[PDB]
Structure formats: C-alpha cells, structure tokens
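Structure data follow from query-v6.cif (mmCIF, C-alpha atoms):
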```
data_start
loop_
_atom_site.group_PDB
_atom_site.id
_atom_site.type_symbol
_atom_site.label_atom_id
_atom_site.label_comp_id
_atom_site.auth_asym_id
_atom_site.auth_seq_id
_atom_site.Cartn_x
_atom_site.Cartn_y
_atom_site.Cartn_z
ATOM 1 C CA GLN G 1 105.916 109.516 85.014
ATOM 2 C CA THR G 2 105.779 110.373 88.715
ATOM 3 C CA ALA G 3 108.073 110.715 91.712
ATOM 4 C CA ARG G 4 107.955 110.853 95.484
ATOM 5 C CA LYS G 5 108.731 114.365 96.669
ATOM 6 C CA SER G 6 110.810 114.965 99.769
ATOM 7 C CA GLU F 1 103.168 111.721 98.279
ATOM 8 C CA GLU F 2 103.736 111.141 94.560
ATOM 9 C CA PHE F 3 103.491 113.861 91.912
ATOM 10 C CA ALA F 4 103.712 114.125 88.128
ATOM 11 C CA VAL F 5 107.215 114.901 86.824
ATOM 12 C CA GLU F 6 107.618 117.269 83.886
ATOM 13 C CA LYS F 7 111.309 116.736 83.162
ATOM 14 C CA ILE F 8 114.709 115.879 84.578
ATOM 15 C CA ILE F 9 116.870 119.006 84.717
ATOM 16 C CA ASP F 10 120.122 117.681 86.154
ATOM 17 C CA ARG F 11 121.819 114.710 87.799
ATOM 18 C CA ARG F 12 124.345 114.458 90.607
ATOM 19 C CA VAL F 13 125.851 112.035 93.090
ATOM 20 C CA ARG F 14 125.563 113.041 96.740
ATOM 21 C CA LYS F 15 126.606 110.838 99.664
ATOM 22 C CA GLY F 16 127.117 108.034 97.174
ATOM 23 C CA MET F 17 123.559 108.216 95.837
ATOM 24 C CA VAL F 18 122.364 109.371 92.426
ATOM 25 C CA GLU F 19 119.947 112.287 92.570
ATOM 26 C CA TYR F 20 117.916 113.989 89.847
ATOM 27 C CA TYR F 21 116.869 117.639 89.768
ATOM 28 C CA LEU F 22 113.192 117.601 88.841
ATOM 29 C CA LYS F 23 110.693 120.053 87.400
ATOM 30 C CA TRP F 24 107.265 119.096 88.768
ATOM 31 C CA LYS F 25 104.313 119.232 86.378
ATOM 32 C CA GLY F 26 102.103 122.204 87.132
ATOM 33 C CA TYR F 27 104.409 123.646 89.783
ATOM 34 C CA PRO F 28 106.729 126.642 89.315
ATOM 35 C CA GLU F 29 110.466 126.285 88.799
ATOM 36 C CA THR F 30 110.983 127.570 92.353
ATOM 37 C CA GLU F 31 109.667 124.178 93.522
ATOM 38 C CA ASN F 32 112.285 122.115 91.661
ATOM 39 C CA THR F 33 113.858 119.572 93.977
ATOM 40 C CA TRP F 34 116.697 117.081 94.080
ATOM 41 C CA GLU F 35 115.254 113.596 94.541
ATOM 42 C CA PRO F 36 117.102 110.288 95.048
ATOM 43 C CA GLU F 37 116.771 108.081 92.000
ATOM 44 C CA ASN F 38 114.636 105.552 93.900
ATOM 45 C CA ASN F 39 111.961 108.215 94.425
ATOM 46 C CA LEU F 40 111.326 108.280 90.664
ATOM 47 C CA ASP F 41 108.856 106.241 88.661
ATOM 48 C CA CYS F 42 110.055 107.932 85.448
ATOM 49 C CA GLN F 43 111.722 105.224 83.355
ATOM 50 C CA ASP F 44 111.110 107.091 80.089
ATOM 51 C CA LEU F 45 112.517 110.394 81.343
ATOM 52 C CA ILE F 46 115.547 108.774 82.972
ATOM 53 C CA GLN F 47 116.423 106.743 79.869
ATOM 54 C CA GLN F 48 115.942 109.818 77.699
ATOM 55 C CA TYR F 49 118.079 111.945 80.037
ATOM 56 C CA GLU F 50 120.865 109.369 80.314
ATOM 57 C CA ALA F 51 120.804 108.994 76.510
ATOM 58 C CA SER F 52 121.100 112.680 75.569
ATOM 59 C CA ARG F 53 123.855 113.816 77.954
#
```
For the file at hand, write its structure as structure tokens.
Amino acid sequence: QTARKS
Amino acid sequence: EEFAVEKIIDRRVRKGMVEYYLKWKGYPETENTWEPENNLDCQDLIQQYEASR
C-alpha cells in the first residue's frame, strides 16, 4: 500500500 | 521515493491520464497530492475506491 510521490 | 498511502480521496482524468488524490500515511492533509495511477502500488485501495463510488 505505497505510491511514488511527485 | 515511495511512501505509505493512507487512503484515496478522489479520482480525476487529466491530460488523458487517471490520477488519484492521496492522503499519505503520517503526513498532514496539506501534503495530499494528485498522483498518476501508475505511481500507485495500492491495489486494495484502488479496488475499494472504484467499488464504493
């Protein structure tokens, strides 16, 4: 439950 | 870098791409960001979001 942050 | 996602707040299409408005675990709401769907490794949250709306 993760994501790349931009 | 990758970070833990607390929940999906909203969804939109922008420039033909699906984007999700994210609350990041352990960060304040002021840090919520729109992320393209391919930035997410959140299958459970996405399926739950797309199911309940």
>> Starting from the PyMOL selection byres ((chain G) within 6 of (chain F)), expand the selection into actual residues of this file and give them as a list in words.
In response: residues 1, 2, 3 and 4 of chain G
Write the residues of the preceding selection, restricted to C-alpha atoms, as an mmCIF file, keeping the file's coordinate frame.
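Everything below was put into result.cif:
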```cif
data_model
loop_
_atom_site.group_PDB
_atom_site.id
_atom_site.type_symbol
_atom_site.label_atom_id
_atom_site.label_comp_id
_atom_site.auth_asym_id
_atom_site.auth_seq_id
_atom_site.Cartn_x
_atom_site.Cartn_y
_atom_site.Cartn_z
ATOM 1 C CA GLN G 1 105.916 109.516 85.014
ATOM 2 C CA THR G 2 105.779 110.373 88.715
ATOM 3 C CA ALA G 3 108.073 110.715 91.712
ATOM 4 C CA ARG G 4 107.955 110.853 95.484
#
```
>> I'd like the interatomic distance between CA of residue 9 (chain F) and CA of residue 29 (chain F), to a tenth of an Å.
In response: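 Taking CA of residue 9 (chain F) as the start and CA of residue 29 (chain F) as the end point, the length is 10.5 Å.
CA of residue 51 (chain F) lies 12.2 Å from CA of residue 8 (chain F).
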For region 14-19 of chain F, take all atoms listed in the file, fit an axis-aligned box around them, add 4 Å to each of the six sides, then output centre and edge lengths in Å rounded to one decimal, as AutoDock Vina command-line options.
```
--center_x 123.5 --center_y 110.5 --center_z 96.0 --size_x 15.2 --size_y 13.0 --size_z 15.2
```
>> Report, in Å with one decimal, the straight-line distance from CA of residue 31 (chain F) to CA of residue 14 (chain F).
In response: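 Rounded to one decimal, the two atoms are 19.7 Å apart.
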